[PDB]
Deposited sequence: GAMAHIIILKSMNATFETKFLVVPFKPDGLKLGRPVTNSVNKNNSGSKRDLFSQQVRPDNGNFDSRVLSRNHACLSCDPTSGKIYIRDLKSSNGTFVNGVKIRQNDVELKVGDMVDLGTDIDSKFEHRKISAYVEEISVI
């Protein structure tokens, strides 16, 4: 089964994401983006609705991590020691899992500056479901 989370931007910073969240101990990274990894590095360095990349300089490359508990199907986020921080419903979190539920807000970063690509990421947890 594909456990999906839908992230809708509340501050005009990204196209709505439809993310398949892997079961722990795997996870989906949130952050800023002639080779055997070319086809994988290409799509992985893009900002796509199906990946965790955002076009915001405020974000760390490895900023936060989403994972799914295969026992309950619950979705968790944790910070990856980002420079500018991960927030859930406004609360600054750390490196331990925090559960996400529909109606929650995830903010990535803070920003000194609200201009194009300098604005923090504000993501609303619009839906969580299987398949």
(Q) Give me the ranges of the deposited sequence that have no CA atoms here, in sequence order. (A) 1-2, 36-42
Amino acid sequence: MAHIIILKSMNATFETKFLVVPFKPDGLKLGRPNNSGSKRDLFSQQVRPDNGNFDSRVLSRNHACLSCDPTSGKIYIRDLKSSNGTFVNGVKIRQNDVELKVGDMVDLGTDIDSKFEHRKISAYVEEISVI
From here on, numbers count along this sequence of modelled residues.
Q. On average, are the C-alpha B-factors higher in 42-50 or in 24-32?
A. 42-50
Q.
I need to verify one thing: averaged over C-alpha atoms only, is the B-factor higher for 95-103 or for 69-77?
A. 69-77
Q. Looking at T110, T16, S114, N11, which has the highest CA B-factor as recorded?
A. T110
**Q.** Assigned third (lowest, middle, highest) for the C-alpha B factor of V130
**A.** highest
Q. Relative to the other modelled residues in the chain, which third contains the C-alpha temperature factor of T86: lowest, middle or highest?
A. lowest
